[PDB]
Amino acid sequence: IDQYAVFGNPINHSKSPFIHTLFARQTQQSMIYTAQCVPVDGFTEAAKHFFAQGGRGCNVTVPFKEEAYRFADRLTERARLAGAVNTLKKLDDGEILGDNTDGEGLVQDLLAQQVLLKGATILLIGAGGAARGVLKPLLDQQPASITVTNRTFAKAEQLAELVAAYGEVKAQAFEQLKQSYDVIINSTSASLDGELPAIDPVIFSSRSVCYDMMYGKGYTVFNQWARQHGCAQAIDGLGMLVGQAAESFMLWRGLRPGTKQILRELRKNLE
């Protein structure tokens, strides 16, 4: 029986144990995944220990994603850019591979929701860790362009230039947005507190698809805002959570498990 886990602090609200348990059963893998809470300043040791005992791989949640990036022996190109690591894996030679599946998890959720990323104009709102982690995977779907925005242009300007080589990535300030986008992606949390970014709603249209990384019962405030202005389809981030898990499972087992039944089940619990 192979050992996997999720390390974070706190862990009582983690859905990964549930999710992975089902992935193992769906793909008939002989593995166990548990949630292990770790002291704020003991991740490295807890980790080195886990692998010492025979740990195959694990997920890293807050607040250890940055320490995980340093703990990894080698990093994947997407973890590289992300600046964080949410997935660890012990290789054959003993090395620990650091990766980041959050962004790819978002990409797969979009595709699962039937959203065409190929040749699309994308507006990414926010420039924090969340936004940073999803740029590369989006660019791999070969969109027409990606527009990054932040309340403070400077930080949005850094991020757009970080991936300028990978494609048409523009950086603009809230005040400069004056056109519609095919896909609007919200990576900011302000909305959970009722706050909306001061952006002209012209960004939304009848052909627009809105994706919010936040999630909850019914629709997120950002999505409701998106529909007040004619947004065609609005998706929350619950699928991103299952998607990132699916990609990690992929990395460890070599098979992408189905996410549809699991998502639908987590959806019930929330409601």
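Numbers for residues come from their place in the sequence shown, where the first is 1.
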(Q) Mean Cα B factor from the PDB record: higher for 72 to 80, or higher for 105 to 113? (A) 72 to 80
Q. Taking only the CA atoms, which stretch has the higher mean B-factor in the record, 176 to 184 or 161 to 169?
A. 161 to 169
Q) Hey, out of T61, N223, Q244, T44, whose CA B-factor is highest in the deposited coordinates? A) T44
Q) Per the coordinate record, which of the options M213, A234, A35, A52 holds the highest CA temperature factor? A) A52
Q. Within this chain, which third does the Cα B-factor at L135 fall in: lowest, middle or highest?
A. middle
Q: Tell me, lowest, middle or highest third: where does the Cα B factor of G239 rank within its chain?
A: lowest
Q: Taking the values exactly as deposited, rank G230 by C-alpha B-factor within its chain and report the matching third: lowest, middle or highest.
A: highest
Q: Select lowest, middle or highest to describe the third in which the CA B-factor of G254 falls within its chain in this entry.
A: highest
(Q) Using the temperature factors of the C-alpha atoms in this entry, rank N100 within its chain: lowest, middle or highest third. (A) middle
